[PDB]
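For reference, final_24.cif (mmCIF, C-alpha atoms (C1' of nucleotides)):
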```cif
data_start
loop_
_atom_site.group_PDB
_atom_site.id
_atom_site.type_symbol
_atom_site.label_atom_id
_atom_site.label_comp_id
_atom_site.auth_asym_id
_atom_site.auth_seq_id
_atom_site.Cartn_x
_atom_site.Cartn_y
_atom_site.Cartn_z
ATOM 1 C CA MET A 1 -53.752 -55.909 96.322
ATOM 2 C CA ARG A 2 -51.179 -58.710 96.340
ATOM 3 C CA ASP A 3 -51.607 -59.457 92.611
ATOM 4 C CA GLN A 4 -49.345 -57.175 90.587
ATOM 5 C CA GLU A 5 -50.917 -58.296 87.301
ATOM 6 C CA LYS A 6 -54.518 -57.646 88.347
ATOM 7 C CA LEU A 7 -53.558 -54.206 89.665
ATOM 8 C CA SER A 8 -51.727 -53.609 86.395
ATOM 9 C CA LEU A 9 -54.798 -54.501 84.312
ATOM 10 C CA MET A 10 -57.032 -52.339 86.502
ATOM 11 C CA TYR A 11 -54.642 -49.485 85.836
ATOM 12 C CA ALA A 12 -54.569 -50.479 82.170
ATOM 13 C CA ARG A 13 -58.239 -49.526 82.097
ATOM 14 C CA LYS A 14 -57.518 -46.556 84.364
ATOM 15 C CA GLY A 15 -54.572 -45.211 82.376
ATOM 16 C CA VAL A 16 -56.367 -45.529 79.075
ATOM 17 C CA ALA A 17 -59.123 -43.539 80.798
ATOM 18 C CA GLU A 18 -56.736 -40.711 81.707
ATOM 19 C CA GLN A 19 -55.237 -40.881 78.204
ATOM 20 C CA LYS A 20 -58.673 -40.411 76.641
ATOM 21 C CA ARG A 21 -59.416 -37.653 79.157
ATOM 22 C CA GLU A 22 -56.175 -35.861 78.278
ATOM 23 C CA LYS A 23 -56.813 -36.106 74.539
ATOM 24 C CA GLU A 24 -60.385 -34.846 74.836
ATOM 25 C CA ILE A 25 -59.427 -31.991 77.170
ATOM 26 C CA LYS A 26 -56.617 -30.975 74.803
ATOM 27 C CA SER A 27 -59.137 -30.939 71.953
ATOM 28 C CA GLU A 28 -61.660 -28.983 74.040
ATOM 29 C CA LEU A 29 -59.118 -26.378 75.170
ATOM 30 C CA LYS A 30 -59.124 -24.732 71.730
ATOM 31 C CA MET A 31 -62.717 -23.496 71.647
ATOM 32 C CA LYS A 32 -62.797 -23.312 75.451
ATOM 33 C CA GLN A 33 -60.141 -20.596 75.218
ATOM 34 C CA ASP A 34 -61.763 -19.185 72.073
ATOM 35 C CA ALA A 35 -65.078 -18.425 73.807
ATOM 36 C CA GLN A 36 -63.911 -17.971 77.420
ATOM 37 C CA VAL A 37 -64.927 -14.967 79.515
ATOM 38 C "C1'" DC B 1 -51.314 -50.464 79.432
ATOM 39 C "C1'" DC B 2 -48.938 -46.603 81.286
ATOM 40 C "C1'" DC B 3 -45.199 -43.979 83.883
ATOM 41 C "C1'" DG B 4 -41.062 -43.567 86.404
ATOM 42 C "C1'" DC B 5 -37.067 -44.296 88.579
ATOM 43 C "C1'" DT B 6 -32.733 -46.996 89.845
ATOM 44 C "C1'" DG B 7 -29.981 -50.715 89.990
ATOM 45 C "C1'" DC B 8 -26.505 -52.716 87.093
ATOM 46 C "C1'" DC B 9 -24.503 -54.639 83.268
ATOM 47 C "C1'" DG B 10 -23.002 -54.412 79.215
ATOM 48 C "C1'" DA B 11 -19.765 -52.103 75.860
ATOM 49 C "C1'" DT B 12 -16.242 -48.541 74.812
ATOM 50 C "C1'" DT B 13 -11.768 -46.444 75.414
ATOM 51 C "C1'" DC B 14 -7.445 -46.659 76.912
ATOM 52 C "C1'" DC B 15 -3.640 -49.058 77.813
ATOM 53 C "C1'" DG B 16 -0.342 -53.059 77.891
ATOM 54 C "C1'" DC B 17 1.396 -57.515 76.957
ATOM 55 C "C1'" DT B 18 1.885 -61.518 74.100
ATOM 56 C "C1'" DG B 19 2.048 -63.961 70.058
ATOM 57 C "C1'" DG B 20 2.752 -64.624 65.404
ATOM 58 C "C1'" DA B 21 4.492 -63.228 61.108
ATOM 59 C "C1'" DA B 22 7.893 -60.571 58.456
ATOM 60 C "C1'" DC B 23 12.113 -58.619 58.117
ATOM 61 C "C1'" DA B 24 17.202 -58.018 57.424
ATOM 62 C "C1'" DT B 25 21.687 -59.675 58.308
ATOM 63 C "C1'" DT B 26 26.967 -63.386 58.076
ATOM 64 C "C1'" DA C 1 20.225 -70.441 56.874
ATOM 65 C "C1'" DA C 2 20.049 -68.853 62.382
ATOM 66 C "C1'" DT C 3 18.690 -65.126 64.740
ATOM 67 C "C1'" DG C 4 17.440 -60.805 66.487
ATOM 68 C "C1'" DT C 5 14.571 -56.973 65.614
ATOM 69 C "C1'" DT C 6 10.542 -54.850 64.019
ATOM 70 C "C1'" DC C 7 5.758 -55.001 63.119
ATOM 71 C "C1'" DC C 8 1.179 -56.337 63.323
ATOM 72 C "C1'" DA C 9 -2.677 -58.501 65.637
ATOM 73 C "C1'" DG C 10 -5.277 -59.970 69.484
ATOM 74 C "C1'" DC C 11 -6.699 -60.364 74.516
ATOM 75 C "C1'" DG C 12 -7.580 -58.408 78.983
ATOM 76 C "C1'" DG C 13 -7.697 -55.015 82.972
ATOM 77 C "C1'" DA C 14 -9.877 -50.903 84.480
ATOM 78 C "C1'" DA C 15 -12.619 -47.088 84.441
ATOM 79 C "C1'" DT C 16 -16.777 -44.914 82.683
ATOM 80 C "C1'" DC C 17 -21.222 -44.590 81.536
ATOM 81 C "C1'" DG C 18 -25.412 -45.089 79.350
ATOM 82 C "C1'" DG C 19 -29.592 -47.662 78.737
ATOM 83 C "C1'" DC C 20 -31.815 -52.059 79.313
ATOM 84 C "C1'" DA C 21 -34.804 -54.521 82.299
ATOM 85 C "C1'" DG C 22 -37.632 -55.138 85.940
ATOM 86 C "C1'" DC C 23 -40.149 -53.157 89.532
ATOM 87 C "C1'" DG C 24 -43.459 -50.265 91.965
ATOM 88 C "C1'" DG C 25 -47.095 -46.323 91.536
ATOM 89 C "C1'" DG C 26 -50.452 -43.842 88.777
#
```
For the structure just supplied, provide its representation as structure tokens.
Amino acid sequence: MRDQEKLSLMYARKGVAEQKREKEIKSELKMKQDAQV
DNA sequence: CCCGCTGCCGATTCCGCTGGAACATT
DNA sequence: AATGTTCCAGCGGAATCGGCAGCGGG
């Protein structure tokens, strides 16, 4: 990838994906620990 | 869009010199 | 009044150092 901007926008989508994943996993961890065996 | 380094560059502090303004004298 | 001294103010060198950008990765 020789285009820095296109790579940056692809990782804009990517990084917002990991941000959403982190938020949802942080939310899930509460009851995941609550009911874990 | 993020995230992270990492150059580097700006500003501070500390000096010191100069200039200008004020002093006090015969 | 003529001048020398003192005082105040301003500029710059030098060292430090922190963060501001920009640049790759995730």
If we count only C-alpha atoms (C1' of nucleotides) and set the cut-off at 12 Å, which residues sit around residue 9 of chain B, ignoring sequence neighbours fewer than 6 positions away in its own chain? Please answer as a ChimeraX atom specification.
/C:17-21
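Nearest-residue note for chain B: choosing from A:31, A:25, A:12, A:37, the minimum distance belongs to A:12, counting all atoms listed in the file.
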Would you give me, as an NGL selection string, the residues of chain A that come within 10 Å of chain C, using only C-alpha atoms (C1' of nucleotides)?
:A and (4 or 11 or 14-15 or 18)
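Remark: for chain A, the closest of the candidate residues B:8, B:3, B:26, B:14 is B:3 (distances computed over all atoms listed in the file).
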Which one of A:35, A:13, A:26, A:7 sits closest to chain B if you count only C-alpha atoms (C1' of nucleotides)?
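Smallest distance to chain B is found for A:13.
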Box centre and edge lengths (Å, one decimal), axis-aligned, segment 9-26 of chain B plus 3 Å each side, as lines of an AutoDock Vina configuration file:
```
center_x = 1.2
center_y = -55.5
center_z = 70.3
size_x = 57.5
size_y = 24.2
size_z = 31.8
```
